[PDB]
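The chain below stands alone, shown as structure tokens; this is the form deposited in one PDB entry.
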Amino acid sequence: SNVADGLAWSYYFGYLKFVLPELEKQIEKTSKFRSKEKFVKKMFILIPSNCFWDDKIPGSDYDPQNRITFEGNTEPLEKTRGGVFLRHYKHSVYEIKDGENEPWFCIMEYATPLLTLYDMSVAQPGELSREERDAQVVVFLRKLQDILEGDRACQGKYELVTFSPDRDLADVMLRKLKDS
């Protein structure tokens, strides 16, 4: 009865499989990013425990100190899924202040299928309670990890960032960025 299992597979085959092994090559297409130092070429997938987000990350409730700042989008990646439709995959680059030091540059994204988990818990409580939802998050997380790590082309090109709605996303990002 685990909805998260099918949510992870879709995320991979319907998105990450295309965009993760070409991300680094796509970022370097722009001189500004090619020159930039302190730039991690890995996609940071934000996974809030409450599966919720309602606004842009700069000056967000997750960024009280106003450290995160939108810098711009990457080069669009042309791809067709099923041959039925042609899309342009692009990502957002954010600038994270590191105090007096040169600010960091990274690619952050939310796990869009997590909204489906939240939406369920609010629209159909008889199918998913706040407790089950919290469990499905863990399920989604671990299952996603397995899928990704089972792909050589995607290994080392991503990072799963799990945090609580109280934690400072800026303080969490840096702790990861340096360890990268």
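Residues carry their position along the shown sequence, with the first being 1. Take the two forms, find the largest set of C-alpha atoms that superpose within 1.5 Å, and that set is the rigid core.
Colleague: Can you tell me which stretch has the higher mean Cα B-factor, 127-135 or 40-48?
Modeller: Looking at the recorded C-alpha B-factors, 127-135 comes out higher on average.
Colleague: Mean CA temperature factor from the deposited coordinates, higher in 104-112 or in 75-83?
Modeller: The stretch with the larger mean CA B-factor is 75-83.
Colleague: Can you tell me which third, lowest, middle or highest, the CA B-factor of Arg167 falls into for its chain?
Modeller: CA B-factor rank for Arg167: highest third.
Colleague: Thinking about Cα B factors across the chain, which third does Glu149 belong to?
Modeller: Answer is middle: the recorded C-alpha B-factor places it there.
Colleague: Report the third (lowest, middle or highest) to which the CA temperature factor of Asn66 belongs, ranking only the modelled residues of the same chain.
Modeller: CA B-factor rank for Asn66: highest third.
Colleague: What third of the chain, by the recorded C-alpha B-factor, contains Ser60?
Modeller: CA B-factor rank for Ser60: highest third.
Colleague: Please place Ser121 in the lowest, middle or highest third of its chain by C-alpha B factor as given in the entry.
Modeller: Its C-alpha B-factor, which the entry lists for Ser121, ranks in the lowest third among residues of this chain.
There is another form of this protein, the form deposited in another entry, and it is not shown here; the text below is about that form.
Colleague: Aligning on the core only, does the CA of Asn101 end up 2 angstroms or more away between the shown form and the other one?
Modeller: Shift of 2 Å or more: no.
Colleague: After fitting the rigid core, is the C-alpha of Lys90 off by 2 Å or more between the shown form and the other one?
Modeller: It does not, since the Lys90 C-alpha is displaced less than 2 Å between the shown form and the other one after the core fit.
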